[PDB]
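Protein chains in written order, with my numbering: chain A, -7 to 64; chain B, -7 to 64; chain C, -7 to 64; chain D, 122 to 615; chain E, 122 to 615; chain F, 122 to 615. First up is the structure itself, then whatever we jot down about it.
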Ligand SMILES: *[C@@H]1O[C@H](CO)[C@@H](O)[C@H](O)[C@H]1NC(C)=O
Ligand SMILES: *[C@@H]1O[C@H](CO)[C@@H](O)[C@H](O)[C@H]1NC(C)=O
Ligand SMILES: *[C@@H]1O[C@H](CO)[C@@H](O)[C@H](O)[C@H]1NC(C)=O
Ligand SMILES: *[C@@H]1O[C@H](CO)[C@@H](O)[C@H](O)[C@H]1NC(C)=O
Ligand SMILES: *[C@@H]1O[C@H](CO)[C@@H](O)[C@H](O)[C@H]1NC(C)=O
Ligand SMILES: *[C@@H]1O[C@H](CO)[C@@H](O)[C@H](O)[C@H]1NC(C)=O
């Protein structure tokens, strides 16, 4: 749907506040947090998968947060 | 027949578009794609036949695409 | 177009000859031979290209005839 | 007798387990079935009637474009719209033209332009799918009765007509004086119409493949359509040109009837004028001759004389037909027909026409028989009045072996796994042979699915070369024989 | 005066090369310019009047399905057709359902089924585009004169309202007694509308990107459509549910007002009721005050005293405003306003309201001045009657420098390469800086096309880690700088 | 001004040695020539009249068979002869059928059969050829004068129509007040019609190759034939089917109009209703402006005011067009048009419309000029009354460089060695370059004779792989260059 694709990043931002600039800016972080809280099993599975696939102590956390972010 | 051997590449191409310029350009590509998706067995057979005849990792794919494109 | 895709190989061939059984059998062969006679430069170019790309004394002629028949 | 004029003629000499024998009757061919103590018959599949055809898809071969409308739009102002775009009858296309102050616009750039034209189909070809259950195979059964004109008579009135229908797999054919025969045909198995369409176009009909008929790049409408105004994929018969990027002109292509004809190089031509008449394919049936009796078996040997009405004529397979007229009394009798060598040690040749009899007086009867290779003597009469006809039949044993091997190979190439059941009397050997051939034919159809005969030859040569280059055992000779089979299938096609 | 009540306010103290200065006026902010011997001015872009809007595309947000019809087809007999399929107003879809003897057909399998429903959009949204030549930027210019309620008066009637239009870029503004000023702005370059779309929906308007607007998954029709019946991509609002493959039920989705509102997070809201009123964006241009003269320079220093009307109030940027009323004789005069320290060795602070005068006797005059950090004394009157007003301005020089650096960084993040023209007085240094920042911003936009602020922070942290891990010289510090500026653009967004 | 509306527009900016310049005028494109002291001109090859067409060969697309006769011969008796065998109108074909006693014969075997049918062509197409001296290239020359209706006016009535004829190569064009210009073409060099054929079919004409037209597998007759009854190669439109080897029936194929339209995927459509109107091709030839003079160069600079009639609009190449009307007195004057930077120090943008003048009062004047990238101030009036309009042109210097490089590459790929003469001012460098390009194009046409664009891409990537695999010096880089030019030629097709 249209709601899936947001208007952020288009470069048309100015000094004036945008539409739904207060709650729409942090809504992704909040939805990811509540999704992780509702699904802790998938979170731990992605964590151990990133831990066993990274093996660099930096790519582990990167792949972990990517797997928890790309999953709505 | 008459429909075969089109008037392509004859060197008379100019700045203006030719007869059947939109559909005639990708006509062969589209018909080959249709013939491949309709008969994938021959595609895999030609791939297996070319993998054992190329022996250079480049002639294999070349002979494969040539076999899948030569068949009308 | 529709004439580009024939009805050959469909497995419905019976004892009775099919439509265009006399001229349709050697139609592609004779059209390729006439296209060769009308365009010998491309034939010799494909021949030398396949000779330089084969380096095995067998796949040269195969690639040559494939490149000659694949071009309508 | 009717099978004699046929060139591609087959001879079955097998009955076992209840005189049942599996034969495959072809439209262009005919099968001569003979036994030891049972009369010989000639089965020819002369027609296939397909009733209640269901329209699958109608394509347009020649059309026209009326109400040519065009409207441009200024650049950076969206696309142009038309009231004819909402009607799918109007084929429409959008493109970009050069818009500036000379075209009534304010900006200079690529402006959208829509071109619509009412697509009216001038002539259309129809696609009909027929269920394998509504078929009707017309089979003529000519018994070797030795009539004056039964030899090669394709007009009929000499044999019996059987309408093999899937509704009644079991059927009986009652002959004149030979009794009744059983013919259990399997029309659903051989030449299945579930993937075949009866494409009709300008009084010319073809038996096309369904998968090949569905993906034809032509404007089509479903068979359920009764209006005929809506067409799917109208862009295949309609082109849009943008000369100099100034205006868009829409043009209707010519009649695709010639393109269709040159696109049907593998489809078989049939007759669809008042009824769907398929004249191609095959029909495999088991034949049972338990109730079939020899006409005139109770007749004794007539001690009269015979006269040669028609000279001995050798057919393409080597069987000779001789027309002899009985002169003596007692017309119902058994003709003492035999074929011996020059020294006349014993009967060396065989008789195609089993138990030749004389029906009525002064009626020339025909007798077909396969003489041996070389010189032979045909004996027609009894010792007092005897016709010792000398006949030299060309050929050899190895020659006939090669001919019958090539005929069997061609039959296997044409019928696939159905030719292995031709003349099969049962058993584990023929069963496993047919099973292996069916598996190999399925693999071949998966590999060689829609390739041409030239491509078949090329792939066979490549496979043979790879097999000859294969140094490992148990894998080279298999590839060589596969390549030879592919070469044979390529040289034996259409 | 009008610029004092503004939270986001800028101060320009540069004029050279012909008394010109480049300033960037924004809608939410305002610019307070001043010179050495020229009167200070306050420029505020209050409104942008976009005229002659051309609708390029109208998306549907809520529709209704009428005349819902459907029909199924027997398996292996093609697709089912409907008379409504030829009408693009009817959205349709083909699928397969279980067909057998219980449904009315004879074959058992997957039969084709189609269902058509008339797509009648009840409410929709409109997307328009305006040419950059049709803009009208309304800019208010309020000179510091010192009326009774001039400070923070956003109603108007205090300055001049100039309508910058690209039809006449060069234009003069005639003030009351301050002479004339020159300001050509060319709204084409600032906030170009060639890639932006004004989107209107339920009396709520947004300034969306053109590419983001064209790729909206909603039923749309071109802006040139006047009937509104034919829609494109109607399958986004109309779905077809086939439970258990029995029947295909068509149904329209809910209203997309909320989905669009949550889809317009990065879009800036504007007002479109009777005219296109843009209240966002920026406008960078050159201002020439060579013809600008000081109002009241011919007046001498009056000897009368002053009385404080309103107490000294410090603004958000450090400037103070004092409202004083003249009591002596000879009201038209130059107020001896200054800011000194305790010992009064010389003036330490600067005066914002250049040349403060009293226009009328018994009229409160507002004086704005920027005192130094720490303690300061504001002298207003002559030595007989003098106002000794103490003021303690909190902060330090390092704090002011950090605040100015943060403001400049925010301006460069909001305007991009346009902020480098803010307060520019020419020269090769600022020119090469603007060029380098323009190339860097082009590369940034090519890399960060439409990423979110969270993904922006993520890529910034990634680049910072790569730079800290890269051990090469002249290549890691650049990566750390890119990571820092990406983190800053992430935390300073929306 | 007519060249402004064209998207594919070229700009020639060179004259030397008598002000001669070689330009290639195309039908889809237009040429804009300009000098430093001579007025700019716009050349558009709008039409090519081909007179005196001689029919070379008429092909048949739809025929009809009548008087279908057949005759079967007994085996071992030769081929059956009919009275229609000598008649060249009747198409015949010999075959073998099964002959025996059932067919009226005495022997059994393969008997010869002949089937003749009168070949009556109902619909056919005609190929014509025209001598290269019978061409008449219509070239419109619209000088930049400033008429409000001259910008992109394809209707004409504003320029001069020149009929370039190979009999009269050197021709003169007399403009209104700009003087005379010389054009020498002799079209015998380009567009060799000795190897091209105008193929007309159902009021649709194409420009095809002679070798491809003479190799069409269709029933044809020479152009000298009048009766039209004799057709050569009739078997390409008729099929002789021998079902079951019983009888040989001949059936005429459908209309080959659709198959022909398919066979013309690279042919260019033209107009042939009453005269052969070629709207494709090119004409490279020389233009001499030595006799050409600037109109109104002796006029002074008028001091009056100007008003903007039409706003500034940028073309696809970047040249802006401004329509402004003069207000003051003294109508015959010279418009002080200039394009300066933000600082207004020196002119940067060049004027496409050189020497803009005001012809009559109350008449809008069009002025085209190429502004620099970024912001540019267009000054139209004198210091007191001046239209200082700022315009922002997007792009960069490297952007325009890549754009013009791609334009030149496309022109080369389209014109062969002819594009090297575009804007050629003479010298040894361009001469040897054109010679090398002609040799390379000859070798290319020898190698890439009639291959499609897909085959072009395939051969290009193959040559690129071979060049990357080659390790020898001076052989890898040339092979990579051949591969990449083949890739570009395959990409830019149709
Ligand atoms: C199309 O043209 C015909 C003939 O000019 C006319 O009768 C008809 O009204 C037009 N419109 C439609 C929709 O057929
Ligand atoms: C072309 O010139 C003619 C001259 O009469 C004018 O009527 C017409 O409007 C012009 N076309 C344009 C400006 O597109
Ligand atoms: C839909 O139905 C209504 C009433 O049931 C009718 O008025 C309308 O014409 C119909 N729409 C069609 C047939 O397109
Ligand atoms: C603002 O200016 C208006 C017009 O001069 C005046 O009526 C008003 O009192 C001033 N102050 C406020 C707070 O509106
Ligand atoms: C063809 O048949 C028609 C039928 O009447 C006849 O008039 C004509 O003479 C015949 N032509 C030939 C060449 O036999
Ligand atoms: C076929 O039989 C019919 C029976 O009436 C006869 O008239 C006809 O002559 C026979 N055909 C041949 C070729 O003998």
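Every residue, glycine too, gets a C-beta built ideally from N, C-alpha and C.
Cβ-Cβ separation, residue 576 of chain F to residue 63 of chain C (assumed contact under 8 Å), whole Å: Position 71 of the third chain, counted from the first residue, corresponds to residue 63 of chain C. Position 455 of the sixth chain, counted from the first residue, corresponds to residue 576 of chain F. With 8 Å as the limit, residue 63 of chain C and residue 576 of chain F qualify as a contact, their Cβ atoms being about 5 Å apart.
Selection from D/204, D/401 and D/239 that minimises the alpha carbon distance to residue 210 of chain D: Numbered from its first residue, the fourth chain carries residue 210 of chain D at position 89. Residue 210 of chain D has its Cα closest to that of D/239, out of D/204, D/401 and D/239.
Boundaries (first-last residue) of the alpha helix (DSSP H) holding residue 519 of chain D: If you number the fourth chain from 1, residue 519 of chain D lands on position 398. Here the alpha helix (DSSP H) through residue 519 of chain D covers 518 to 536.
Three-state class that DSSP yields for residue 292 of chain E in the structure shown: As a first step, residue 292 of chain E must be located in the fifth chain, where it is residue number 171. Coil.
DSSP three-state assignment for residue 338 of chain F, whether helix, strand or coil: Reading the sixth chain from its first residue, position 217 is the one you call residue 338 of chain F. Three-state DSSP puts residue 338 of chain F in coil, outside helix and strand.
C-alpha gap between residue 38 of chain C and residue 56 of chain C, whole angstroms: For this step, residue 38 of chain C is matched to residue 46 along the third chain. For this step, residue 56 of chain C is matched to residue 64 along the third chain. Computed Cα separation, rounded: 6 Å.
Under 8 Å (Cβ pairs) to chain F, residues found in the region 284 to 304 of chain E: 287, 288, 289, 290 and 291
Chain-ordered neighbours of residue 342 of chain D on chain E, where CB pairs are closer than 7 Å: Taking the fourth chain and counting its residues from 1, one reaches residue 342 of chain D at position 221. Here the neighbours are 202.
Contact under 8 Å by Cβ, residue 241 of chain D with residue 187 of chain D: Within the fourth chain, residue 241 of chain D is the residue found at index 120, counting from 1. Within the fourth chain, residue 187 of chain D is the residue found at index 66, counting from 1. Yes; because the gap between Cβ atoms is below 8 Å, this pair is in contact.
Residues passing the C-beta test against ligand 7 heavy atoms, cut-off 6 Å: No copy of ligand 7 occurs in the structure displayed; its ligands are ligand 1, ligand 2, ligand 3, ligand 4, ligand 5 and ligand 6 alone.
Proximity test, Cβ basis, 8 Å: residue 127 of chain D and chain F: For this step, residue 127 of chain D is matched to residue 6 along the fourth chain. Output row for residue 127 of chain D: interface = yes.
Members of the region 47 to 58 of chain B near chain F, C-beta cut-off 9 Å: Per Cβ criterion, the list reads 50, 54, 57 and 58.
Touch test, the region 162 to 172 of chain E against the region 251 to 262 of chain E, Cβ-Cβ under 8 Å, three pairs minimum: yes
Proximity test, residue 188 of chain E beta-carbon vs ligand 3 heavy atom, cut-off 7 Å: Position 67 of the fifth chain, counting from 1, holds the residue named residue 188 of chain E. Checking every heavy atom of ligand 3 against the Cβ of residue 188 of chain E, one is found closer than 7 Å.
Proximity test, Cβ basis, 8 Å: residue 39 of chain B and chain C: Taking the second chain and counting its residues from 1, the one referred to as residue 39 of chain B is at position 47. It does not; no Cβ of chain C falls within 8 Å.
Chain C contacts made by the region 320 to 353 of chain D, where a contact means CB separation under 7 Å: 327, 328, 329, 330, 333, 337, 338 and 339
Proximity test, Cβ basis, 8 Å: residue 356 of chain D and chain B: Against the fourth chain, residue 356 of chain D aligns to sequence position 235. At least one chain B Cβ lies under 8 Å of residue 356 of chain D.
Closer than 8 Å to chain D by CB, residue 512 of chain F: Against the sixth chain, residue 512 of chain F aligns to sequence position 391. Judged by the 8 Å Cβ criterion, residue 512 of chain F is not in contact with chain D.
Check whether residue 144 of chain D and residue 133 of chain D have beta carbons under 8 Å apart: Your numbering for residue 144 of chain D matches position 23 in the fourth chain. Your numbering for residue 133 of chain D matches position 12 in the fourth chain. Taking 8 Å as the Cβ cut-off, residue 144 of chain D and residue 133 of chain D qualify as a contacting pair.
Pair within 8 Å by beta-carbon distance, residue 393 of chain D and residue 182 of chain D: What you label residue 393 of chain D is simply residue 272 of the fourth chain in a count that begins at 1. What you label residue 182 of chain D is simply residue 61 of the fourth chain in a count that begins at 1. No. Outside cutoff.
The region 426 to 436 of chain E / the region 509 to 526 of chain E touching (three or more Cβ pairs under 8 Å): Verdict: yes, contact present.
heavy atom of ligand 5 below 7 Å from residue 239 of chain F C-beta: To locate residue 239 of chain F, count along the sixth chain from 1; it is residue 118. Yes, the Cβ of residue 239 of chain F comes within 7 Å of a heavy atom of ligand 5.
Residue 36 of chain A burial status per 10 Å Cβ neighbour count (16 or more: buried): As a working note, residue 36 of chain A is residue 44 in the first chain. Exposed.
Same chain, Cβ closer than 6 Å to residue 329 of chain D, five either side skipped, listed in chain order: Residue 329 of chain D sits at position 208 when you count from the first residue of the fourth chain. Within the same chain, residue 329 of chain D has close Cβ partners 318, 320 and 388.
Inter-stretch contact at 8 Å, needing at least 3 Cβ pairs: the region 401 to 416 of chain D / the region 366 to 376 of chain D: no
Chain C residues whose Cβ lies nearer than 9 Å to that of residue 603 of chain F: One-based indexing of the sixth chain puts residue 603 of chain F at position 482. What residue 603 of chain F touches in chain C: nothing, since even the nearest Cβ is about 11 Å away.
Integer Cβ distance of residue 223 of chain F from residue 273 of chain D, believed to fall under 8 Å: Locating residue 223 of chain F in the sixth chain gives position 102, counting from the first residue. Locating residue 273 of chain D in the fourth chain gives position 152, counting from the first residue. Indeed, because the Cβ distance is near 2 Å, the residues count as touching under 8 Å.
Enclosing beta strand (DSSP E) for residue 330 of chain E [first to last residue]: Counted from its first residue, the fifth chain places residue 330 of chain E at position 209. First-last of the beta strand (DSSP E) with residue 330 of chain E: 325 to 330.
Cross-chain neighbours of residue 571 of chain F in chain C, by beta carbon under 9 Å: What you label residue 571 of chain F is simply residue 450 of the sixth chain in a count that begins at 1. Going along chain C in sequence order, the residues near residue 571 of chain F (Cβ under 9 Å) are 27, 30, 31, 34 and 63.
Residue 361 of chain E classed as buried or exposed, judged by whether at least 16 other C-beta atoms fall within 10 angstroms: Taking the fifth chain and counting its residues from 1, the one referred to as residue 361 of chain E is at position 240. By the 10 Å Cβ count, residue 361 of chain E comes out buried.
Residue burial classification, residue 32 of chain B (beta-carbon count within 10 angstroms, cutoff 16): For this step, residue 32 of chain B is matched to residue 40 along the second chain. Burial call: exposed.
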